[PDB]
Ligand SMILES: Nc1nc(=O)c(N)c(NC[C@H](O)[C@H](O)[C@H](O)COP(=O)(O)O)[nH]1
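One chain comes next, on its own, written out as structure tokens in the form solved without the named molecule.
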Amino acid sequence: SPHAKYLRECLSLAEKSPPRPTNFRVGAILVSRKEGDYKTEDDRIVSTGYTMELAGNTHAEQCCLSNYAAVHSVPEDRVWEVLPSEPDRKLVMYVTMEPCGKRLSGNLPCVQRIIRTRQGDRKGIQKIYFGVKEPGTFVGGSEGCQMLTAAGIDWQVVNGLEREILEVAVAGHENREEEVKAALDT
């Protein structure tokens, strides 16, 4: 019920990303939600991010977590130590596209950044919502979803925004419109 609204807010974040010929403009919002029969009024925003918000070749999930790490004065790879881990609440990430499980560079993929948050006595991110079951990379596929399931992280596709999410994501690409039509065909 609130999921489409959160993904529209994610799409507005994605539009802050600079269009480039090889990037995927994505936005992400991390939410703390009461477990069970929750009220969206009681949601708390924990962090936000978008592709290339931070210098270099950064993804939306990466920027979302690194923003929180910077505010809490820890290195980005130790953000798991400071993310909320409260009784009766769960961390939920909304992101326009499926988190990637493979990156064409040496950078850690987004699903691994998500899985990393569950360490020690910290619950980490418990569920991912996204609007297109394709990663924010050229690879395509569902490897991100498979890695989430293998790690015990829930995920759910929210239908109805696929074309708009893709049009924004690949706005900087030479063959963007033909590429959108192919992704919607998939």
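All residue numbers are counted from 1 along the displayed sequence. Shifts are known only where both forms have a C-alpha. Throughout, rigid core stands for the largest set of C-alpha atoms superposing within 1.5 Å between the two forms.
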Exercise. Do at least a third of the other compared PDB entries leave residue 29 without coordinates?
Worked result: no
Exercise. Any chance residue 139 is unbuilt in a third or more of the other entries we compared?
Worked result: yes
For this session: Between 23 to 31 and 150 to 158, point out the one with the higher average CA B-factor as the PDB entry records it.
Result: 150 to 158
Exercise. Given the B-factors recorded for C-alpha atoms, which segment has the greater mean, 105 to 113 or 86 to 94?
Worked result: 105 to 113
Seminar exercise, completed: Highest CA B factor of 37, 43, 61, 53, as deposited, is found at 37
For this session: Sort 9, 15, 178, 167 by C-alpha B-factor from the entry and give me just the highest.
Result: 178
For this session: Pull the Cα B-factor of residue 132 out of the PDB entry and bin it into the chain's lowest, middle or highest third.
Result: middle
Problem set entry | Chain-relative CA temperature factor third for residue 140 | highest
For this session: Name the third of the chain's ranked CA B-factors that contains residue 57, choosing lowest, middle or highest.
Result: middle
Exercise. Lowest, middle or highest third: where is residue 124 by Cα B-factor in its chain?
Worked result: middle
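What follows is about the form solved in complex with the named molecule, which we do not show.
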Problem set entry | Shown-form site status with respect to the named molecule as positioned in the deposited bound form after superposition (2.4 Å backbone/C-beta criterion, 3+ atoms) | blocked
Seminar exercise, completed: Interface check vs the named molecule in the deposited bound form: of 57, 67, 117, 126, the one with a heavy atom inside 4.5 Å is 57
Exercise. Taking the shortest heavy atom distance, is residue 78 within 4.5 Å of the named molecule in the deposited bound form?
Worked result: no
Problem set entry | 4.5 angstroms heavy atom contact with the named molecule in the deposited bound form for residue 102 | yes
For this session: Report whether the minimum heavy atom distance between residue 175 and the named molecule in the deposited bound form is within 4.5 Å.
Result: no
For this session: Flag residue 93 as yes or no: does it have a non-hydrogen atom within 4.5 angstroms of any non-hydrogen atom of the named molecule in the deposited bound form?
Result: no
Exercise. Which one, 117 to 125, 39 to 47, 23 to 31, 150 to 158, holds residues whose non-hydrogen atoms are within 4.5 Å of the named molecule in the deposited bound form?
Worked result: 23 to 31
Problem set entry | the named molecule in the deposited bound form - contacting residues of 156 to 185, heavy atom within 4.5 Å | none
Seminar exercise, completed: Per-residue Cα shift of 2 Å or more between this form and the one not shown after core superposition, grouped into runs of 3+, gives 135 to 137
